[PDB]
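K.L.:
Below are the structure tokens for one structure; questions will follow.
Protein chains: 2
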Amino acid sequence: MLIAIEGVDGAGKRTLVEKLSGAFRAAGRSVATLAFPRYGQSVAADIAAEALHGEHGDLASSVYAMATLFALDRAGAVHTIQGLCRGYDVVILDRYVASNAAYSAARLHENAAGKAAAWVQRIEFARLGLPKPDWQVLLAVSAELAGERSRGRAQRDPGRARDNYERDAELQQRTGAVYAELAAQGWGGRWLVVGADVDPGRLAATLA
Amino acid sequence: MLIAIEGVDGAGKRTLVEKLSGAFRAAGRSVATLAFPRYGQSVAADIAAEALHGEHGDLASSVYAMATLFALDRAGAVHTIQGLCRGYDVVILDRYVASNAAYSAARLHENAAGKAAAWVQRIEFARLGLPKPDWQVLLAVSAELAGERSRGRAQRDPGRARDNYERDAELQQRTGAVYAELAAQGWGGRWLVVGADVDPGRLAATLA
Ligand SMILES: Cc1cn([C@H]2C[C@H](O)[C@@H](COP(=O)(O)O)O2)c(=O)[nH]c1=O
Ligand SMILES: Cc1cn([C@H]2C[C@H](O)[C@@H](COP(=O)(O)O)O2)c(=O)[nH]c1=O
Ligand SMILES: [Mg+2]
Ligand SMILES: [Mg+2]
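Keeping their order, the protein sequence lines are chains A and A'. A prime marks a further copy of an entry chain. Just so we're aligned, residue 1 is where the first sequence starts under the authors' numbering, counting upward by one. Just so we're aligned, residue 1 is where the second sequence starts under the authors' numbering, counting upward by one.
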């Protein structure tokens, strides 16, 4: 079973992955996790991150260039994902293809039924062959609270300063809205919308 | 020995590679060739090409995004290049790293000592580990004649319509000028500047 955890920056995805993995293991299932972007393991992922921190000329100014880099990062992980799915009972991803649809549409002020989301579908699932997730869990949180978490992280960790997307409050708001639409539309597969107070044990039961 | 053939679009590079390969083989040396972008064998190369033909939103509008895609294409060929160099006496490339420096600098109206060329050096040779060529042969041709060849190709081949770069006469002119500077500076290694009437036999002897 392939599960992807989605949501805006600072929504609490990393923590939910930890809790969810614990719940599944407590139920006797083997779990493997992977986070995108694969910082350090992908040139594409690293250049993308660096561009969001002000490097690489005009790269970050292109919405499709950024989307392509994140897609190329995942392209390099296709075999790894397939291998994990046949080796473990559950594979949980901290961000996946939907992140590209949500952020790209939001940067272009488009909705889930727009051009960018359709492009992501065509490129990542059909062309690159990335498997569609069995479940996509949207950790919905107020744009205000998520932004507060991102700012707090930068304050206590010099290695986690905010990037261009995180500094854009309006973009984060629009991204959250597109995510809600993607979930309602069942984009890329079935979705579940949860809040910060979701119970890991029952969520795992729902996904199982 | 690693040799890269450089020059603007329609300069006659593909033909020179054929003639040069023949000369080396006539001298008893084993030869292997590779052309960049690796159309069909690289997602990065294909998306780059498609962007130059009007697809993928705002991707082509970013100079660094295009450069990154061509660099990622080469990154996926590092092992292939190293393998060919230890398996054959001579390895000839139809375009290599210098193409990225020349075209990127030209799109930004910069010279060979500018920011873009320096970025290509840092990213491709140092960071990606691409081997520096023993020789880089600049097939210098009048911008007018090269443009005529590109237009003629599109006229007789529906599968070879010109792309955004080829349709930009001024860009082609500036690229030729940056190439001349790169050669004079010995950027990335030693260069040889030749014309359309260069003798394949003697050129091969010079490179040998
Ligand atoms: C994985 C992924 C992330 N992003 C984003 C959202 C984040 O603001 C930024 C880096 O992700 P991160 O916050 O998970 O480290 O890039 C995309 O736009 N597309 C993608 O496919
Ligand atoms: C290989 C390569 C090509 N290019 C260009 C020059 C050509 O106009 C275009 C496609 O190359 P081609 O003419 O050899 O098919 O992309 C770069 O800008 N950087 C590179 O690294
Ligand atoms: Mg982030
Ligand atoms: Mg061309």
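We treat Cβ as the ideally placed atom computed from N, Cα and C, and that holds for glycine.
Check whether chain A comes within 8 Å of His56(A'), counting only Cβ atoms and requiring the distance to be less than that.
P.N.:
Stepping through the second sequence from its first residue, residue 56(A') is reached at position 56. True, the Cβ-Cβ gap to chain A drops below 8 Å.
K.L.:
Apart from the five residues just before and just after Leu130(A), which ones in its own chain have a Cβ nearer than 7 Å to its Cβ?
P.N.:
Within the first sequence, numbered from 1, the residue matching residue 130(A) stands at position 130. Excluding sequence neighbours, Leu130(A) sits near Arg74, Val78, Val97 and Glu124.
K.L.:
Use the C-beta contact count for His109(A'): other C-beta atoms within 10 angstroms, 16 or more gives buried, fewer gives exposed.
P.N.:
Here residue 109(A') refers to the residue found at position 109 when the second sequence is read from its first residue. Exposed, since its Cβ has fewer than 16 Cβ neighbours within 10 Å.
K.L.:
Could you tell me which whole alpha helix (DSSP H) segments of length 4 or greater appear in the stretch 156–206 of chain A'?
P.N.:
169–185
K.L.:
How would you label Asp197(A), buried or exposed, when you count the other beta carbons within 10 angstroms and need 16 or more for buried?
P.N.:
Locating residue 197(A) in the first sequence gives position 197, counting from the first residue. Exposed.
K.L.:
I'd like to know if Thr68(A') contacts chain A, where contact means its C-beta is closer than 8 Å to some C-beta of that chain.
P.N.:
One-based indexing of the second sequence puts residue 68(A') at position 68. Output row for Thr68(A'): interface = yes.
K.L.:
Should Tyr179(A') and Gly7(A') be called a contact, given that it needs their Cβ atoms to be closer than 8 Å?
P.N.:
Within the second sequence, numbered from 1, the residue matching residue 179(A') stands at position 179. Within the second sequence, numbered from 1, the residue matching residue 7(A') stands at position 7. In this structure, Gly7(A') lies closer than 8 Å to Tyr179(A') by Cβ.
K.L.:
Sorry if obvious, but does the Cβ on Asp9(A) come closer than 7 Å to a heavy atom of ligand 3?
P.N.:
The residue you call residue 9(A) lines up with position 9 of the first sequence. Yes; taking the cut-off as 7 Å, the Cβ of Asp9(A) has a heavy atom of ligand 3 nearer than that.
K.L.:
Going by CA-CA distance only, name the one from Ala208(A'), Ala48(A') and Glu50(A') that's closest to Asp134(A').
P.N.:
Taking the first residue of the second sequence as position 1, residue 134(A') is located at position 134. The shortest Cα separation from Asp134(A') among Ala208(A'), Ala48(A') and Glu50(A') belongs to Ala208(A').
K.L.:
In terms of residues, what are the limits of the alpha helix (DSSP H) holding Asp73(A)?
P.N.:
Against the first sequence, residue 73(A) aligns to sequence position 73. Unbroken alpha helix (DSSP H) run through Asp73(A): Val63 to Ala75.
K.L.:
What residues in the stretch 31–44 of chain A' bring their beta carbon closer than 7 Å to a beta carbon of chain A?
P.N.:
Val43 and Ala44
K.L.:
Is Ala60(A) helix, strand or coil when you go by DSSP?
P.N.:
Within the first sequence, the letter at position 60 stands for residue 60(A). The answer is helix: DSSP assigns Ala60(A) an H, G or I state.
K.L.:
Assuming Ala65(A') contacts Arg174(A') under a Cβ cut-off of 8 Å, what Cβ separation, rounded to an integer in Å, is found between them?
P.N.:
In the second sequence, the residue the question calls residue 65(A') occupies position 65. In the second sequence, the residue the question calls residue 174(A') occupies position 174. In fact, because the Cβ distance is near 19 Å, the residues do not count as touching under 8 Å.
K.L.:
For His53(A'), does the count of other Cβ atoms within 10 angstroms reach 16, so buried, or fall short, so exposed?
P.N.:
Counted from its first residue, the second sequence places residue 53(A') at position 53. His53(A') is exposed by the Cβ-count criterion.
K.L.:
Is the Cβ of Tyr103(A') closer than 8 Å to any Cβ of chain A?
P.N.:
The residue you call residue 103(A') lines up with position 103 of the second sequence. Taking Cβ atoms only, chain A never reaches closer than 8 Å to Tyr103(A'), which makes this a no.
K.L.:
Please check if any C-beta of chain A sits within less than 8 Å of the C-beta of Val97(A').
P.N.:
For the purposes of this step, residue 97(A') is identified with residue 97 of the second sequence, where counting begins at 1. With 8 Å as the cut-off, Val97(A') does not count as an interface residue toward chain A.
K.L.:
Sorted by chain position, which residues of the same chain lie with C-beta nearer than 7 Å to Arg14(A')'s C-beta, five sequence neighbours on each side aside?
P.N.:
Translated into positions along the second sequence, residue 14(A') becomes position 14. Counting only Cβ-Cβ distances below 7 Å, and skipping sequence neighbours, we find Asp94.
K.L.:
Between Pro37(A') and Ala27(A'), is the Cβ-Cβ spacing less than 8 Å?
P.N.:
The sequence position of residue 37(A') within the second sequence is 37, counting from 1. The sequence position of residue 27(A') within the second sequence is 27, counting from 1. Going by C-beta atoms, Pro37(A') is not nearer than 8 Å to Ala27(A').
K.L.:
Would you please state the rounded distance, in angstroms, between the beta carbons of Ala154(A) and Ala146(A)? I believe it to be under 8 Å.
P.N.:
Within the first sequence, the letter at position 154 stands for residue 154(A). Within the first sequence, the letter at position 146 stands for residue 146(A). With a beta-carbon spacing of about 13 Å, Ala154(A) and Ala146(A) fall beyond the 8 Å limit used to define contacts.
K.L.:
List the residues of chain A that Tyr165(A') touches, going by C-beta distances under 8 Å, in chain order.
P.N.:
Indexing the second sequence from 1 puts residue 165(A') at position 165. What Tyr165(A') touches in chain A: nothing, since even the nearest Cβ is about 16 Å away.
K.L.:
For a contact meaning CB atoms closer than 7 Å, what does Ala65(A') contact in chain A?
P.N.:
Along the second sequence, read from residue 1 onward, the residue named residue 65(A') stands at position 65. Ordered by position in chain A, the residues that pass the 7 Å Cβ test against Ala65(A') are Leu59, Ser62 and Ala65.
K.L.:
Excluding five sequence neighbours on each side, which residues of the same chain lie with their C-beta closer than 6 Å to the C-beta of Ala67(A')?
P.N.:
Locating residue 67(A') in the second sequence gives position 67, counting from the first residue. Same-chain partners within the cutoff: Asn100 and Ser104.
K.L.:
Count the other CB atoms within 10 Å of the CB of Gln185(A'); is the residue buried (16 or more) or exposed (fewer)?
P.N.:
Translated into positions along the second sequence, residue 185(A') becomes position 185. By the neighbour-count rule (16 or more Cβ atoms within 10 Å), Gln185(A') is not buried but exposed.
K.L.:
Rounded to a whole number of angstroms, what is the C-alpha to C-alpha distance between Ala113(A) and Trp187(A)?
P.N.:
Taking the first sequence and counting its residues from 1, the one referred to as residue 113(A) is at position 113. Taking the first sequence and counting its residues from 1, the one referred to as residue 187(A) is at position 187. Distance between the alpha carbons of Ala113(A) and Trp187(A) is about 10 Å.
K.L.:
Output the residue ranges of the beta strand (DSSP E) runs that lie fully inside the stretch 11–53 of chain A' and measure 3 residues or longer, sorted by chain position.
P.N.:
If one requires a minimum length of 3 residues, the beta strand (DSSP E) runs lying completely within the stretch 11–53 of chain A' are 31–35, in chain order.
K.L.:
Is DSSP giving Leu145(A') helix, strand or coil here?
P.N.:
The sequence position of residue 145(A') within the second sequence is 145, counting from 1. It is helical.
K.L.:
Buried or exposed: which applies to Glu55(A'), given that a residue is buried once 16 or more other Cβ atoms fall within 10 Å of its Cβ?
P.N.:
For the purposes of this step, residue 55(A') is taken as residue 55 along the second sequence, with counting starting at 1. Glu55(A') should be labelled exposed.
K.L.:
Hey, is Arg122(A') close to ligand 2, as in C-beta under 7 Å from one of its heavy atoms?
P.N.:
Counting from one through the second sequence, the residue named residue 122(A') turns up at place 122. No, since every heavy atom of ligand 2 falls outside the 7 Å radius drawn around the Cβ of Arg122(A').
K.L.:
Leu2(A') and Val91(A') - do their beta-carbons sit closer together than 8 Å?
P.N.:
Sequence index remark: in the second sequence, residue 91(A') carries index 91 (1-based). Sequence index remark: in the second sequence, residue 2(A') carries index 2 (1-based). Yes, the pair counts as a contact, with Cβ atoms nearer than the cut-off.
K.L.:
I'd like to confirm something about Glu166(A'): is its beta-carbon nearer than 7 Å to some heavy atom of ligand 4, or not?
P.N.:
Here the question's residue 166(A') lines up with position 166 in the second sequence. Under cutoff, so the answer is yes.
K.L.:
When DSSP builds the beta bridges, which residues end up paired with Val137(A)?
P.N.:
By 1-based counting over the first sequence, the position of residue 137(A) is 137. Bridge partners of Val137(A) according to DSSP: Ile5(A) and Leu192(A).
K.L.:
Counting only runs of 4+ residues fully inside the stretch 74–120 of chain A, write out the alpha helix (DSSP H) ranges in chain order.
P.N.:
78–87, 97–107 and 115–120
K.L.:
For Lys19(A') and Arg167(A'), what's the separation of their Cα atoms in angstroms?
P.N.:
Residue 19(A') sits at position 19 when you count from the first residue of the second sequence. Residue 167(A') sits at position 167 when you count from the first residue of the second sequence. If you take the alpha carbons of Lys19(A') and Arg167(A'), they lie about 27 Å apart.
K.L.:
Indicate, with yes or no, if ligand 1 has a heavy atom lying under 7 Å from the CB of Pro37(A).
P.N.:
The sequence position of residue 37(A) within the first sequence is 37, counting from 1. Yes; taking the cut-off as 7 Å, the Cβ of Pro37(A) has a heavy atom of ligand 1 nearer than that.
K.L.:
Checking contacts by CB at 8 Å: is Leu182(A) closer than that to chain A'?
P.N.:
Position 182 of the first sequence, counted from the first residue, corresponds to residue 182(A). By this cut-off, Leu182(A) is not an interface position.
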